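*Asks:* got an experimental structure here, sequence first:
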Amino acid sequence: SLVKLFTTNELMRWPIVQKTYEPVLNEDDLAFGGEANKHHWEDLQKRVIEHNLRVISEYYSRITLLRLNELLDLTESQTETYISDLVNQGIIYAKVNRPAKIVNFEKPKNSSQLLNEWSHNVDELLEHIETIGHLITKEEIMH
Amino acid sequence: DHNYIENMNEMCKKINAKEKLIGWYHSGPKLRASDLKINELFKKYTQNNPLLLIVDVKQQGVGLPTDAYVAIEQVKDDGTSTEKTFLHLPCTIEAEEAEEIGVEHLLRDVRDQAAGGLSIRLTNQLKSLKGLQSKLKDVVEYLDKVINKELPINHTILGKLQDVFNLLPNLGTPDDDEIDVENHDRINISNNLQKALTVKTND
Amino acid sequence: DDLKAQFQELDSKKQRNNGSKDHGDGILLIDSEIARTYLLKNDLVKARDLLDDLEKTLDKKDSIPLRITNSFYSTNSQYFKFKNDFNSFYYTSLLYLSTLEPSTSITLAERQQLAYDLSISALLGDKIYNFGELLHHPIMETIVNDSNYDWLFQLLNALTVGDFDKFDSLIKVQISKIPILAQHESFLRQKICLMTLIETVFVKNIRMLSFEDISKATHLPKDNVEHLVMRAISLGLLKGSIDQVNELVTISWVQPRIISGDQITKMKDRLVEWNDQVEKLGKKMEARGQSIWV
């Protein structure tokens, strides 16, 4: 249930995930159950939230900063810091707006790339008609 | 005649050995269900699915003077028995070198398409639109025939049409605005080329 | 085993004596049965692993009689529903329904057991919107007048037309009647939501919906809708982009859903529009450039 949660891009919440796994896996020694392993339970906090970030970026071109703070379950300030590290390490790239209006998850795409791409969608529509025509032939015989 | 197929094989092997028996042509035009039955005798000879080459002899369809179809065997759903059926494949002509060179001496036509000068392709733009329009109307009447004359619903067709509505450009999108910019540039470049030709004519 | 050895012996003689016989029919059929015994015997690990090996052989053969491939599929299916993998039961079971003997060899009693399990599987699916195909398959075809297929159909039908008032009324009863729906309350409640979102966007010509529009469609608050739609992207139900500032969800993909008589009409209407346009263009460009084409 721990691995498959983390595998699926389905959103989960930290202080609730924590409870689920508190009396079971927090109490397995040499993982999280040792004294200095308790701070690896604590380090899991960071993992859970950076994962939810990673998914949310792709799906939402734009999401309001306020909304994000509730989903992530942390103050605005902590939230501000974790976005910045994830951009540095370059998995995503993003633009954050300081008055706290929007966080616009996007890597921008130029006019040339967007236009080049438009010609291809059109090429595929033209194919679609052509195939149907052979099968019209067939179908009249079949009945 | 079984024996004739056999006799020809040792003759054709000597003549050119890259030849193999590969199937049979039908005069067509009609696609029969007697062709499932003829394919089974050719299937004895052949090492491939028997190639059915429908060479139209009346040449009514100017474009597509050829259809190619290969016998497949596939699980028919709805709890129905496995069916042997004809799946279309690209019959499109390429030509060998030796054949092509003589053909080219004979003709000098501007054909269905040569992509020659401006004049030739300008014709093409009208004709090609008209090709599509023809194609398109038939798809409209096919859908009436499902619900009026009770053809068995060929769901494949419906699948393709979903992909047409979905991957259909949507208007009001800012992509359209981009398009207009590209248009603006080329129409300008035409204007500058037009002027340079003025300088040539003036000399 | 006795019969397997019998057929090996037998063919030493027959293949030459007859000048033609095939003996491969019995062998495969027999192997399906081994796997099947093991299933009843509660050796579930063993039975899967034989079955996979079987798969390899079957497919090397290029012509098999229907009976063979249906028995294999009968087994492959039986294993899935014993593990209580609902999704998997349903996917693999479709293969068995396709090759199925329209013959009444498959006794009426068998048809009811698998059909019930499948229906229940589809409710507890989350993207399995196949429900009409069953009606054209023997499995459910003959039996639609059982008491079991009274309540159960009303659940299917409430999904189809997408009414949430109707679903809600039905679901209270069936949660209590049937203890399988009772432990799977959460999924059933989720099913209706997902079904409506994919149905609504399609039928409207626009392939973008405001969170405002969806809120009325799904007859649930816009607060709940934002959470629901995010999940649709994760599942792969719909794929697209979420803009909270333009208050839109822009789809760029509509996942295959089975088309039905009504829906054919909606498509016909869109293509009508398209045909008239090509014509207007072509008449226009003929007049223009008339003087010089060539």
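*Replies:* Here it is on my side, so go on. Numbering: from 1, shown residues only, chains lettered A, B, ... in the order given.

*Asks:* element containing the closest residue to chain B within chain A?
*Replies:* Residue nearest to chain B within chain A: residue A:134 (3.8 Å; CB to the nearest CB). Where you see a C-beta, it was placed from the backbone N, CA and C, and this is true even at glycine. Following DSSP states H and E, one finds residue A:134 within helix A:111-142.

*Asks:* close to chain C, is that helix?
*Replies:* No - using CB under 8 Å from any CB of the partner chain, helix A:111-142 stays clear of chain C, coming no nearer than 9.9 Å.

*Asks:* name the nearest residue to the residue of chain A closest to chain B, ignoring sequence neighbours.
*Replies:* residue B:88 (3.8 Å; CB to CB, 6 or more residues apart in numbering or on different chains).

*Asks:* do residue A:140 as well
*Replies:* Per CB to CB, 6+ apart, closest to residue A:140 is residue B:151, 7.8 Å.

*Asks:* tell me how many other residues crowd the residue of chain A closest to chain B.
*Replies:* 18 (other CB atoms under 10 Å in any protein chain shown).

*Asks:* that one is in contact with residue B:67, isn't it?
*Replies:* Yes - look at residue A:134 against residue B:67 with CB atoms under 8 Å: they come within range, at 7.4 Å.

*Asks:* so what does the longest helix anywhere in chain C touch, helix or strand wise?
*Replies:* Counting residues, the longest helix found in chain C (DSSP state H) is helix C:261-287. For helix C:261-287, the contact count by 3 or more CB pairs under 8 Å, 6 or more residues apart in numbering or on different chains; DSSP states H and E identifies helix B:118-148, helix B:155-166 as packing neighbours.

*Asks:* in the last one, what counts as buried?
*Replies:* Neighbour-count burial for helix B:155-166 flags B:157, B:158, B:160, B:161, B:162, B:163, B:164 (criterion: 16 or more other CB atoms under 10 Å in any protein chain shown).

*Asks:* I'd like the next helix or strand past it.
*Replies:* helix B:175-202.

*Asks:* hmm, that following helix touching chain A?
*Replies:* Yes - if you take CB under 8 Å from any CB as the test, helix B:175-202 does meet chain A, through B:175, B:178, B:179, B:181, B:182.

*Asks:* can you tell me which of these are buried?
*Replies:* B:178, B:179.

*Asks:* and the residues of helix B:175-202 next to chain A, which is closest to residue C:261?
*Replies:* residue B:175 (35.1 Å; CB to CB).

*Asks:* tell me which helix or strand residue B:24 sits in.
*Replies:* strand B:23-26.

*Asks:* tell me if the helix or strand following that strand is near chain A.
*Replies:* Later in the chain than strand B:23-26, the nearest helix or strand by DSSP H and E is helix B:35-45. No - residues of helix B:35-45 are not located near chain A by CB under 8 Å from any CB, the shortest gap being 10.1 Å.

*Asks:* now the helix or strand following helix B:35-45 - C-alpha only, CSV.
*Replies:* Later in the chain than helix B:35-45, the nearest helix or strand by DSSP H and E is strand B:51-55. C-alpha atoms of strand B:51-55 as CSV (Å, rounded to 0.1, in the frame of the first residue of the first chain):
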residue,chain,number,x,y,z
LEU,B,51,-2.2,-11.9,-52.2
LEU,B,52,-5.4,-10.7,-53.9
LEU,B,53,-4.7,-8.1,-56.4
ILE,B,54,-7.9,-6.6,-57.7
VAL,B,55,-6.8,-5.1,-61.0
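
*Asks:* list the buried ones in strand B:51-55?
*Replies:* Neighbour count says strand B:51-55 has B:51, B:52, B:53, B:54 buried, by 16+ other CB under 10 Å.

*Asks:* distance of the nearest residue to residue B:144 once chain neighbours are set aside from residue B:117?
*Replies:* The shortest distance from residue B:144 to any non-neighbouring residue, by CB to CB, 6+ apart, is to residue C:268 (7.1 Å). Using CB to CB, to the nearest Å, residue C:268 is found at 42 Å from residue B:117.

*Asks:* between these two, which is the more surrounded one?
*Replies:* Taking neighbours as other CB under 10 Å, residue C:268 and residue B:117 compare with residue C:268 leading, 17 against 10.

*Asks:* so where does the residue nearest the centre of chain A fall, helix or strand?
*Replies:* Nearest to the centroid of the C-alpha atoms of chain A, with distances taken as CA atoms, centre = their mean, sits residue A:55, at 0.6 Å. Assigned by DSSP H and E, residue A:55 belongs to helix A:44-59.

*Asks:* got the residues of chain A near chain C?
*Replies:* Counting by CB under 8 Å from any CB, chain A sits next to chain C at A:8-11, A:55, A:59-64, A:67, A:102.

*Asks:* just the buried residues of those.
*Replies:* Buried among those by 16+ other CB under 10 Å: A:9, A:11, A:55, A:59, A:60, A:61, A:62, A:63, A:102.

*Asks:* the closest residue to chain A within chain B: how many residues sit nearby?
*Replies:* Of all residues in chain B, residue B:88 sits closest to chain A, at 3.8 Å by CB to the nearest CB. Neighbours of residue B:88 under the rule other CB under 10 Å: 15.

*Asks:* residue contacts, it?
*Replies:* Counting by CB atoms under 8 Å, 6 or more residues apart in numbering or on different chains, residue B:88 touches A:131, A:134, A:135, A:138, B:67, B:68, B:69.

*Asks:* hey, what's the residue nearest to residue A:134 bridged with?
*Replies:* residue B:69 (DSSP bridges).

*Asks:* one more: residue C:254?
*Replies:* Bridge pairing for residue C:254 - DSSP bridges - gives residue C:238.

*Asks:* contacting residues for it?
*Replies:* Taking CB under 8 Å, 6+ apart, one finds B:162, B:165, B:166, C:198, C:201, C:202, C:207, C:238 in contact with residue C:254.

*Asks:* ok, 7 Å please
*Replies:* B:162, B:166, C:201, C:202 (CB atoms under 7 Å, 6 or more residues apart in numbering or on different chains).

*Asks:* now do the helix holding residue A:134 and helix B:175-202, the angle between them.
*Replies:* Comparing the axes of helix A:111-142 and helix B:175-202 via axes from the mean of the first three to the mean of the last three CA atoms, to 10 degrees yields an angle of 100 degrees.

*Asks:* elements contacting helix A:111-142?
*Replies:* helix B:118-148, helix B:155-166, helix B:175-202 (3 or more CB pairs under 7 Å, 6 or more residues apart in numbering or on different chains; DSSP states H and E).

*Asks:* closest one to residue A:78 among the ones you listed?
*Replies:* helix B:175-202 (37.7 Å).

*Asks:* what is that closest one packed up against?
*Replies:* helix A:111-142.

*Asks:* what comes up buried for the helix it packs on?
*Replies:* For helix A:111-142, using 16+ other CB under 10 Å, the buried residues are A:118, A:128, A:129, A:132, A:133, A:134, A:136, A:137, A:138, A:139.

*Asks:* mind listing what the residue nearest to residue A:105 when sequence neighbours are not counted touches?
*Replies:* Leaving out its chain neighbours, the residue that sits closest to residue A:105 by CB to CB, 6+ apart is residue A:57, at 4.2 Å. Counting by CB under 7 Å, 6+ apart, residue A:57 touches A:92, A:94, A:105.

*Asks:* so which of those residues belong to strands?
*Replies:* Assigned to strands by DSSP state E, none of these qualify.

*Asks:* scan the residues you listed and report the most crowded one.
*Replies:* Neighbour-wise, these (other CB under 10 Å) top out at residue A:105, 22 neighbours.

*Asks:* wait, doesn't residue C:71 sit right on residue C:29?
*Replies:* Yes - counting by CB atoms under 7 Å, residue C:71 does reach residue C:29; the two are 5.9 Å apart.
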